[PDB]
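Dropping run20.csv in here (CSV, C-alpha atoms and all ligand atoms):
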chain,number,residue,atom,x,y,z
A,100,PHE,CA,2.2,15.1,-10.3
A,101,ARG,CA,3.6,12.3,-8.1
A,102,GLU,CA,1.9,13.8,-5.0
A,103,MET,CA,-1.6,14.5,-3.6
A,104,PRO,CA,-3.3,17.7,-4.6
A,105,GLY,CA,-1.7,20.0,-2.0
A,106,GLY,CA,0.1,18.9,1.2
A,107,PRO,CA,-1.9,16.3,3.0
A,108,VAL,CA,1.2,14.3,3.9
A,109,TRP,CA,1.9,14.2,7.6
A,110,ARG,CA,5.4,15.4,6.9
A,111,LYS,CA,6.7,13.1,9.6
A,112,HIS,CA,9.2,10.2,9.7
A,113,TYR,CA,6.9,8.2,12.0
A,114,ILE,CA,4.5,5.7,10.4
A,115,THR,CA,2.9,2.3,11.1
A,116,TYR,CA,0.5,-0.3,9.7
A,117,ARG,CA,-2.0,-2.6,11.3
A,118,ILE,CA,-3.8,-5.4,9.4
A,119,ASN,CA,-7.4,-5.3,10.7
A,120,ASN,CA,-8.2,-8.7,9.0
A,121,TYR,CA,-6.6,-11.3,6.8
A,122,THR,CA,-7.9,-12.7,3.6
A,123,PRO,CA,-8.0,-16.5,2.9
A,124,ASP,CA,-6.4,-15.8,-0.4
A,125,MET,CA,-3.0,-15.3,1.2
A,126,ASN,CA,-1.0,-17.2,3.9
A,127,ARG,CA,-0.4,-16.0,7.4
A,128,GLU,CA,3.3,-15.9,6.5
A,129,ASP,CA,2.8,-14.5,3.0
A,130,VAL,CA,0.8,-11.6,4.5
A,131,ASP,CA,3.7,-10.5,6.7
A,132,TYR,CA,6.2,-11.4,4.0
A,133,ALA,CA,4.6,-9.3,1.2
A,134,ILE,CA,3.9,-6.5,3.7
A,135,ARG,CA,7.3,-6.3,5.3
A,136,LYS,CA,8.8,-6.0,1.8
A,137,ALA,CA,6.2,-3.5,0.8
A,138,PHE,CA,7.2,-1.1,3.6
A,139,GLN,CA,10.8,-1.9,3.0
A,140,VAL,CA,10.5,-0.3,-0.5
A,141,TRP,CA,9.3,3.1,0.8
A,142,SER,CA,11.2,3.3,4.1
A,143,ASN,CA,14.4,2.9,2.1
A,144,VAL,CA,13.6,5.8,-0.2
A,145,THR,CA,12.8,8.1,2.6
A,146,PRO,CA,14.2,8.9,6.1
A,147,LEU,CA,10.9,7.7,7.5
A,148,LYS,CA,10.1,4.8,9.8
A,149,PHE,CA,7.4,2.2,9.5
A,150,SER,CA,6.3,-0.3,12.1
A,151,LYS,CA,3.8,-3.2,12.2
A,152,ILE,CA,1.1,-3.7,14.9
A,153,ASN,CA,-2.0,-5.7,15.6
A,154,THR,CA,-3.3,-3.7,18.5
A,155,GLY,CA,-1.9,-0.2,18.5
A,156,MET,CA,-2.1,3.1,16.7
A,157,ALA,CA,-1.1,2.5,13.0
A,158,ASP,CA,-1.5,4.9,10.1
A,159,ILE,CA,-2.0,2.5,7.3
A,160,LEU,CA,-4.9,0.3,8.4
A,161,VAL,CA,-5.2,-2.7,6.1
A,162,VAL,CA,-8.7,-4.2,5.9
A,163,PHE,CA,-9.6,-6.7,3.1
A,164,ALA,CA,-13.3,-6.0,2.3
A,165,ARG,CA,-15.6,-6.8,-0.6
A,166,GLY,CA,-17.7,-4.2,-2.5
A,167,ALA,CA,-19.6,-1.7,-0.5
A,168,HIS,CA,-18.4,-2.0,3.1
A,169,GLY,CA,-19.2,1.4,4.6
A,170,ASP,CA,-16.7,3.6,2.7
A,171,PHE,CA,-18.9,5.4,0.2
A,172,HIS,CA,-16.8,3.7,-2.4
A,173,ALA,CA,-18.4,0.3,-2.8
A,174,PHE,CA,-15.8,-2.0,-4.4
A,175,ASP,CA,-16.5,-4.0,-7.6
A,176,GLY,CA,-15.4,-7.5,-6.5
A,177,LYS,CA,-13.4,-9.6,-8.9
A,178,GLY,CA,-11.4,-7.4,-11.2
A,179,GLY,CA,-11.7,-3.6,-11.2
A,180,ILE,CA,-11.0,-1.6,-8.1
A,181,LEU,CA,-8.1,-3.7,-6.7
A,182,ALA,CA,-7.9,-1.5,-3.5
A,183,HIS,CA,-8.2,2.0,-2.2
A,184,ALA,CA,-6.7,3.8,0.8
A,185,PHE,CA,-6.6,7.3,2.3
A,186,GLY,CA,-3.8,9.6,3.5
A,187,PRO,CA,-4.3,12.8,5.5
A,188,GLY,CA,-6.4,10.9,8.0
A,189,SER,CA,-6.0,10.4,11.8
A,190,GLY,CA,-6.6,7.1,13.6
A,191,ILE,CA,-8.5,5.6,10.7
A,192,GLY,CA,-6.6,7.7,8.1
A,193,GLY,CA,-4.4,6.2,5.4
A,194,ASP,CA,-6.6,3.1,5.9
A,195,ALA,CA,-5.8,0.8,3.1
A,196,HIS,CA,-8.6,-1.4,1.8
A,197,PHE,CA,-8.1,-4.4,-0.5
A,198,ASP,CA,-10.9,-6.0,-2.5
A,199,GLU,CA,-11.3,-9.4,-0.9
A,200,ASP,CA,-13.1,-10.6,-4.0
A,201,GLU,CA,-9.7,-10.5,-5.6
A,202,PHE,CA,-7.2,-13.4,-5.4
A,203,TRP,CA,-4.3,-12.0,-3.3
A,204,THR,CA,-1.3,-14.3,-3.3
A,205,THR,CA,2.5,-14.3,-3.2
A,206,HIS,CA,3.0,-15.4,-6.8
A,207,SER,CA,2.5,-14.1,-10.3
A,208,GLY,CA,-1.0,-15.6,-10.3
A,209,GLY,CA,-3.4,-13.7,-8.0
A,210,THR,CA,-2.9,-10.0,-7.2
A,211,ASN,CA,0.5,-10.1,-5.5
A,212,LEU,CA,-0.1,-8.6,-2.0
A,213,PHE,CA,3.5,-7.4,-1.8
A,214,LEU,CA,3.2,-5.1,-4.8
A,215,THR,CA,-0.3,-4.0,-4.0
A,216,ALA,CA,0.9,-3.5,-0.4
A,217,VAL,CA,3.8,-1.2,-1.3
A,218,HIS,CA,1.6,1.1,-3.5
A,219,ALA,CA,-1.2,0.7,-0.9
A,220,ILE,CA,0.9,2.3,1.8
A,221,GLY,CA,2.0,5.1,-0.5
A,222,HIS,CA,-1.5,6.5,-0.6
A,223,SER,CA,-1.8,6.2,3.2
A,224,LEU,CA,1.3,8.4,3.5
A,225,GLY,CA,-0.2,11.1,1.5
A,226,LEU,CA,1.2,10.4,-2.0
A,227,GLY,CA,-0.6,11.1,-5.2
A,228,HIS,CA,-0.5,9.6,-8.7
A,229,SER,CA,2.3,9.6,-11.2
A,230,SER,CA,2.2,9.7,-15.0
A,231,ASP,CA,5.3,7.4,-15.4
A,232,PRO,CA,4.7,4.2,-17.4
A,233,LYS,CA,6.5,2.4,-14.7
A,234,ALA,CA,5.7,4.5,-11.6
A,235,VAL,CA,4.1,2.7,-8.6
A,236,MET,CA,1.8,5.7,-8.1
A,237,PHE,CA,0.4,4.9,-11.6
A,238,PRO,CA,-3.2,3.7,-11.6
A,239,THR,CA,-2.0,0.7,-13.5
A,240,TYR,CA,-1.1,-2.6,-11.8
A,241,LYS,CA,1.3,-5.3,-13.0
A,242,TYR,CA,3.2,-8.2,-11.4
A,243,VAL,CA,7.0,-7.9,-11.2
A,244,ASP,CA,9.8,-9.8,-9.4
A,245,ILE,CA,10.6,-8.1,-6.1
A,246,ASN,CA,14.3,-8.3,-7.2
A,247,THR,CA,13.3,-6.1,-10.2
A,248,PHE,CA,10.4,-4.2,-8.5
A,249,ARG,CA,11.6,-0.7,-7.6
A,250,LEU,CA,10.0,2.8,-7.1
A,251,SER,CA,10.3,4.7,-10.4
A,252,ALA,CA,12.0,8.1,-10.5
A,253,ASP,CA,8.5,9.6,-10.2
A,254,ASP,CA,7.7,7.7,-7.1
A,255,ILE,CA,11.0,8.4,-5.4
A,256,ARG,CA,10.8,12.0,-6.5
A,257,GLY,CA,7.4,12.5,-5.1
A,258,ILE,CA,7.8,10.5,-1.9
A,259,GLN,CA,10.8,12.6,-1.2
A,260,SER,CA,9.1,15.8,-2.4
A,261,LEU,CA,7.2,15.7,0.9
A,262,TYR,CA,9.5,13.7,3.1
A,263,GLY,CA,12.9,14.4,1.6
B,1,CA,CA,-11.8,-5.3,-7.6
B,2,CA,CA,-5.2,4.7,10.3
B,3,CA,CA,-10.8,-13.9,-2.9
B,4,ZN,ZN,-12.9,0.9,1.7
B,5,ZN,ZN,-3.0,4.5,-6.8

For the file at hand, write its structure as structure tokens.
Amino acid sequence: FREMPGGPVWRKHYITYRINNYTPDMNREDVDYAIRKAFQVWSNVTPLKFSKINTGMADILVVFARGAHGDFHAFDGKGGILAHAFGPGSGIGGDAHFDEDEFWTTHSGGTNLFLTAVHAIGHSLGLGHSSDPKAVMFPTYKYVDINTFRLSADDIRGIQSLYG
């Protein structure tokens, strides 16, 4: 079931992301480093196109917030809900939100922003959840070297099932 319940996906090859705010847990460089790589893992598995912006119209709006921040979701700070984003949304759709309470970093320590970023955008695109024990869509999170980190068959199968 590597895909949202239906067909919320925009079904377009034009996407973008805009980081509303930056967390003190990551570095100005690490933020763009982990992100650029995140989108480079999905834009390579689909004939789509992703772009970065700080003052434009992006699909995946990244906003690091803590607990309840006006999203009817109310995070859980340290541990728990690492992050949550949308998909079939306009202007503010696919808005990815990361729990600031968490320790986002570029190493195996804190919650690697890179990995979390990749899967974060997936939801903003309109992807669902996979049952693969190694699928990014999986609700489970785990650190992994970017050199070894790759979208599982389920992820690539789903992402392409709506874009391919
Ligand atoms: Ca959390
Ligand atoms: Ca948006
Ligand atoms: Ca923090
Ligand atoms: Zn939120
Ligand atoms: Zn997920």

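With only C-alpha atoms as the atoms that count, the residue of A:128, A:169, A:243, A:183 with the shortest distance to residue 208 in chain A is A:243.
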
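With all atoms listed in the file as the atoms that count, the minimum distance from residue 141 in chain A to the choices A:212, A:224, A:118, A:103 is reached by A:224.
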
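In this structure, CA of residue 171 in chain A sits 22.1 Å away from CA of residue 157 in chain A.
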
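With all atoms listed in the file as the atoms that count, the residue of A:262, A:100, A:237, A:202 with the shortest distance to ligand ZN 5 (chain B) is A:237.
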
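For the residues A:245, A:236, A:216, A:173, ranking by smallest atom-to-atom distance to ligand CA 1 (chain B) using only C-alpha atoms and all ligand atoms places A:173 first.
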
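The nearest approach to ligand ZN 5 (chain B) among the residues A:190, A:101, A:244, A:252, with all atoms listed in the file taken into account, belongs to A:101.
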
Exercise. Which residues sit within 10 Å of ligand ZN 4 (chain B), counting all atoms listed in the file, listed as a ChimeraX atom specification?
Worked result: /A:161-174,182-185,194-198

Exercise. Residue 253 in chain A: which residues within 8 Å, counting only C-alpha atoms, same-chain residues fewer than 6 positions away excluded, as number ranges by chain?
Worked result: A: 101, 229-231, 234

Exercise. Would you name the residues within 8 Å of ligand CA 1 (chain B), counting all atoms listed in the file, and put them as a PyMOL selection string?
Worked result: chain A and resi 166+174-182+198-201

So which residues are near ligand CA 2 (chain B), meaning at most 9 Å away with only C-alpha atoms and all ligand atoms counted, given back as a JSON list (two decimals) with C-alpha atoms, in the frame of the given file?
[["chain", "number", "residue", "atom", "x", "y", "z"],
["A", 115, "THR", "CA", 2.90, 2.30, 11.10],
["A", 116, "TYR", "CA", 0.50, -0.30, 9.70],
["A", 117, "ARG", "CA", -2.00, -2.60, 11.30],
["A", 156, "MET", "CA", -2.10, 3.10, 16.70],
["A", 157, "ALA", "CA", -1.10, 2.50, 13.00],
["A", 158, "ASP", "CA", -1.50, 4.90, 10.10],
["A", 159, "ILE", "CA", -2.00, 2.50, 7.30],
["A", 160, "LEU", "CA", -4.90, 0.30, 8.40],
["A", 161, "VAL", "CA", -5.20, -2.70, 6.10],
["A", 185, "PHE", "CA", -6.60, 7.30, 2.30],
["A", 186, "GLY", "CA", -3.80, 9.60, 3.50],
["A", 188, "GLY", "CA", -6.40, 10.90, 8.00],
["A", 189, "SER", "CA", -6.00, 10.40, 11.80],
["A", 190, "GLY", "CA", -6.60, 7.10, 13.60],
["A", 191, "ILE", "CA", -8.50, 5.60, 10.70],
["A", 192, "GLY", "CA", -6.60, 7.70, 8.10],
["A", 193, "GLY", "CA", -4.40, 6.20, 5.40],
["A", 194, "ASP", "CA", -6.60, 3.10, 5.90],
["A", 195, "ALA", "CA", -5.80, 0.80, 3.10],
["A", 223, "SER", "CA", -1.80, 6.20, 3.20]]

For this session: Would you work out the distance separating CA of residue 239 in chain A from CA of residue 110 in chain A, expressed in Å to one decimal?
Result: 26.2 Å

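Across A:122, A:107, A:113, A:217, the tightest approach to ligand CA 3 (chain B) is made by A:122 when counting only C-alpha atoms and all ligand atoms.
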
Residue 214 in chain A surroundings by all atoms listed in the file, 12 Å radius, close-in-sequence under 3 positions cut, as a compact mmCIF listing (two decimals) with C-alpha atoms, keeping the file's coordinate frame:
# COMPACT_ATOMS: atom_id res chain seq x y z
CA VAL A 130 0.80 -11.60 4.50
CA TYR A 132 6.20 -11.40 4.00
CA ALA A 133 4.60 -9.30 1.20
CA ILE A 134 3.90 -6.50 3.70
CA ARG A 135 7.30 -6.30 5.30
CA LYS A 136 8.80 -6.00 1.80
CA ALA A 137 6.20 -3.50 0.80
CA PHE A 138 7.20 -1.10 3.60
CA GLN A 139 10.80 -1.90 3.00
CA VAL A 140 10.50 -0.30 -0.50
CA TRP A 141 9.30 3.10 0.80
CA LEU A 181 -8.10 -3.70 -6.70
CA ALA A 182 -7.90 -1.50 -3.50
CA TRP A 203 -4.30 -12.00 -3.30
CA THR A 204 -1.30 -14.30 -3.30
CA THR A 205 2.50 -14.30 -3.20
CA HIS A 206 3.00 -15.40 -6.80
CA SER A 207 2.50 -14.10 -10.30
CA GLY A 209 -3.40 -13.70 -8.00
CA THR A 210 -2.90 -10.00 -7.20
CA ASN A 211 0.50 -10.10 -5.50
CA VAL A 217 3.80 -1.20 -1.30
CA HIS A 218 1.60 1.10 -3.50
CA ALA A 219 -1.20 0.70 -0.90
CA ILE A 220 0.90 2.30 1.80
CA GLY A 221 2.00 5.10 -0.50
CA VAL A 235 4.10 2.70 -8.60
CA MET A 236 1.80 5.70 -8.10
CA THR A 239 -2.00 0.70 -13.50
CA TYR A 240 -1.10 -2.60 -11.80
CA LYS A 241 1.30 -5.30 -13.00
CA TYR A 242 3.20 -8.20 -11.40
CA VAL A 243 7.00 -7.90 -11.20
CA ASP A 244 9.80 -9.80 -9.40
CA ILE A 245 10.60 -8.10 -6.10
CA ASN A 246 14.30 -8.30 -7.20
CA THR A 247 13.30 -6.10 -10.20
CA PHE A 248 10.40 -4.20 -8.50
CA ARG A 249 11.60 -0.70 -7.60
CA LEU A 250 10.00 2.80 -7.10

Problem set entry | Computed interatomic separation between CA of residue 261 in chain A and CA of residue 111 in chain A (Å) | 9.1 Å
